[PDB]
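See below for my_file-v5.pdb, which holds PDB, N, CA and C atoms.
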```pdb
ATOM      1  N   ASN A 677       7.973 -25.709  -5.848
ATOM      2  CA  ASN A 677       9.231 -25.303  -5.161
ATOM      3  C   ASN A 677       9.561 -23.858  -5.523
ATOM      4  N   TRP A 678       9.885 -23.630  -6.791
ATOM      5  CA  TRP A 678      10.202 -22.286  -7.256
ATOM      6  C   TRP A 678       8.953 -21.411  -7.260
ATOM      7  N   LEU A 679       7.870 -21.937  -7.825
ATOM      8  CA  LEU A 679       6.616 -21.194  -7.887
ATOM      9  C   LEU A 679       6.223 -20.691  -6.502
ATOM     10  N   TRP A 680       6.559 -21.467  -5.477
ATOM     11  CA  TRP A 680       6.236 -21.089  -4.106
ATOM     12  C   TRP A 680       6.833 -19.726  -3.771
ATOM     13  N   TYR A 681       8.116 -19.559  -4.075
ATOM     14  CA  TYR A 681       8.798 -18.298  -3.801
ATOM     15  C   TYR A 681       8.221 -17.177  -4.658
ATOM     16  N   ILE A 682       7.851 -17.510  -5.891
ATOM     17  CA  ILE A 682       7.284 -16.520  -6.801
ATOM     18  C   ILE A 682       5.961 -15.993  -6.259
ATOM     19  N   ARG A 683       5.134 -16.898  -5.746
ATOM     20  CA  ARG A 683       3.840 -16.511  -5.199
ATOM     21  C   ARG A 683       4.020 -15.556  -4.023
ATOM     22  N   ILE A 684       4.950 -15.888  -3.133
ATOM     23  CA  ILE A 684       5.210 -15.052  -1.967
ATOM     24  C   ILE A 684       5.596 -13.640  -2.398
ATOM     25  N   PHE A 685       6.519 -13.547  -3.350
ATOM     26  CA  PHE A 685       6.967 -12.251  -3.841
ATOM     27  C   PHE A 685       5.796 -11.462  -4.415
ATOM     28  N   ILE A 686       4.936 -12.149  -5.163
ATOM     29  CA  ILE A 686       3.776 -11.501  -5.762
ATOM     30  C   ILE A 686       2.866 -10.924  -4.680
ATOM     31  N   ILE A 687       2.592 -11.729  -3.658
ATOM     32  CA  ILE A 687       1.736 -11.291  -2.562
ATOM     33  C   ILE A 687       2.361 -10.105  -1.836
ATOM     34  N   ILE A 688       3.672 -10.174  -1.621
ATOM     35  CA  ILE A 688       4.383  -9.099  -0.936
ATOM     36  C   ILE A 688       4.224  -7.785  -1.695
ATOM     37  N   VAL A 689       4.377  -7.846  -3.013
ATOM     38  CA  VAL A 689       4.250  -6.653  -3.843
ATOM     39  C   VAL A 689       2.827  -6.108  -3.784
ATOM     40  N   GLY A 690       1.850  -7.010  -3.815
ATOM     41  CA  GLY A 690       0.450  -6.607  -3.766
ATOM     42  C   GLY A 690       0.142  -5.889  -2.455
ATOM     43  N   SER A 691       0.718  -6.385  -1.365
ATOM     44  CA  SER A 691       0.497  -5.782  -0.056
ATOM     45  C   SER A 691       1.025  -4.351  -0.030
ATOM     46  N   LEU A 692       2.211  -4.151  -0.600
ATOM     47  CA  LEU A 692       2.812  -2.824  -0.638
ATOM     48  C   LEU A 692       1.934  -1.861  -1.431
ATOM     49  N   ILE A 693       1.442  -2.323  -2.576
ATOM     50  CA  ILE A 693       0.590  -1.493  -3.421
ATOM     51  C   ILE A 693      -0.686  -1.107  -2.679
ATOM     52  N   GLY A 694      -1.268  -2.072  -1.974
ATOM     53  CA  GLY A 694      -2.494  -1.823  -1.222
ATOM     54  C   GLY A 694      -2.258  -0.764  -0.149
ATOM     55  N   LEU A 695      -1.186  -0.936   0.618
ATOM     56  CA  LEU A 695      -0.861   0.012   1.681
ATOM     57  C   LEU A 695      -0.781   1.429   1.124
ATOM     58  N   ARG A 696      -0.086   1.580   0.003
ATOM     59  CA  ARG A 696       0.063   2.889  -0.624
ATOM     60  C   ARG A 696      -1.300   3.467  -0.991
ATOM     61  N   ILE A 697      -2.132   2.652  -1.632
ATOM     62  CA  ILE A 697      -3.461   3.093  -2.034
ATOM     63  C   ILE A 697      -4.260   3.565  -0.824
ATOM     64  N   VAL A 698      -4.221   2.779   0.246
ATOM     65  CA  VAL A 698      -4.947   3.126   1.463
ATOM     66  C   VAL A 698      -4.475   4.469   2.004
ATOM     67  N   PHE A 699      -3.159   4.656   2.038
ATOM     68  CA  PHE A 699      -2.587   5.901   2.535
ATOM     69  C   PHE A 699      -3.020   7.073   1.660
ATOM     70  N   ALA A 700      -2.992   6.869   0.348
ATOM     71  CA  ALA A 700      -3.385   7.915  -0.588
ATOM     72  C   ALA A 700      -4.848   8.291  -0.384
ATOM     73  N   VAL A 701      -5.689   7.285  -0.177
ATOM     74  CA  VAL A 701      -7.112   7.523   0.030
ATOM     75  C   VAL A 701      -7.337   8.378   1.272
ATOM     76  N   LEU A 702      -6.612   8.062   2.339
ATOM     77  CA  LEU A 702      -6.739   8.810   3.586
ATOM     78  C   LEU A 702      -6.287  10.254   3.398
ATOM     79  N   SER A 703      -5.179  10.435   2.687
ATOM     80  CA  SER A 703      -4.650  11.772   2.441
ATOM     81  C   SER A 703      -5.683  12.627   1.714
ATOM     82  N   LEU A 704      -6.342  12.034   0.723
ATOM     83  CA  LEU A 704      -7.353  12.751  -0.045
ATOM     84  C   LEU A 704      -8.527  13.146   0.846
ATOM     85  N   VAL A 705      -8.922  12.240   1.734
ATOM     86  CA  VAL A 705     -10.037  12.507   2.636
ATOM     87  C   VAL A 705      -9.699  13.663   3.576
ATOM     88  N   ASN A 706      -8.482  13.653   4.105
ATOM     89  CA  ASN A 706      -8.048  14.705   5.017
ATOM     90  C   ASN A 706      -8.114  16.067   4.333
ATOM     91  N   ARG A 707      -7.678  16.113   3.079
ATOM     92  CA  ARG A 707      -7.690  17.361   2.321
ATOM     93  C   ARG A 707      -9.120  17.849   2.116
ATOM     94  N   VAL A 708     -10.008  16.933   1.742
ATOM     95  CA  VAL A 708     -11.404  17.284   1.516
ATOM     96  C   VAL A 708     -12.038  17.819   2.797
ATOM     97  N   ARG A 709     -11.724  17.177   3.918
ATOM     98  CA  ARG A 709     -12.267  17.597   5.205
ATOM     99  C   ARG A 709     -11.662  18.929   5.634
ATOM    100  N   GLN A 710     -10.374  19.105   5.357
ATOM    101  CA  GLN A 710      -9.688  20.339   5.721
ATOM    102  C   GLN A 710      -9.838  20.611   7.214
ATOM    103  N   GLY A 711      -9.838  19.547   8.009
ATOM    104  CA  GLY A 711      -9.946  19.687   9.457
ATOM    105  C   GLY A 711      -8.760  20.476   9.999
ATOM    106  N   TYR A 712      -7.586  20.208   9.439
ATOM    107  CA  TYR A 712      -6.367  20.885   9.858
ATOM    108  C   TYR A 712      -5.421  21.044   8.674
ATOM    109  N   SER A 713      -4.481  21.974   8.789
ATOM    110  CA  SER A 713      -3.523  22.211   7.717
ATOM    111  C   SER A 713      -2.386  21.178   7.776
ATOM    112  N   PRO A 714      -2.133  20.423   6.721
ATOM    113  CA  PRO A 714      -1.034  19.405   6.719
ATOM    114  C   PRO A 714       0.331  20.031   6.995
ATOM    115  N   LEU A 715       1.184  19.291   7.697
ATOM    116  CA  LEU A 715       2.521  19.781   8.012
ATOM    117  C   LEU A 715       3.306  20.020   6.727
ATOM    118  N   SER A 716       3.137  19.120   5.763
ATOM    119  CA  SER A 716       3.829  19.244   4.485
ATOM    120  C   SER A 716       2.859  19.676   3.390
TER
END
```

Once more with this new file: its structure as structure tokens, please.
Amino acid sequence: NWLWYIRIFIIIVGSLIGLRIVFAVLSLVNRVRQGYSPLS
């Protein structure tokens, strides 16, 4: 019952962390490629 909610929260947090990592990886690739100058 309770553990159920705990598991969901854990998964939710993991998803957020993954998304961030993926975004960071892409940002690094863009910089290495230097195809275009970033807006920021």

> DSSP on the backbone: what in chain A comes out alpha helix (DSSP H), as JSON, numbers by chain?
Replying inline: {"A": [678, 679, 680, 681, 682, 683, 684, 685, 686, 687, 688, 689, 690, 691, 692, 693, 694, 695, 696, 697, 698, 699, 700, 701, 702, 703, 704, 705, 706, 707, 708, 709]}

> From the set A:677, A:691, A:716, A:686, which residue has the shortest atom-to-atom contact distance to residue 703 (chain A), counting only C-alpha atoms?
Replying inline: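 The closest residue to residue 703 (chain A) is A:716.
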
> What is the CA of residue 680 (chain A)-atom N of residue 693 (chain A) distance in Å, reported with one decimal?
Replying inline: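 Calculated distance between CA of residue 680 (chain A) and atom N of residue 693 (chain A) is 19.4 Å.
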
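The coordinates place atom C of residue 699 (chain A) at 24.4 Å from atom C of residue 683 (chain A).
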
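Interatomic distance, atom N of residue 687 (chain A) against CA of residue 700 (chain A): 20.8 Å.
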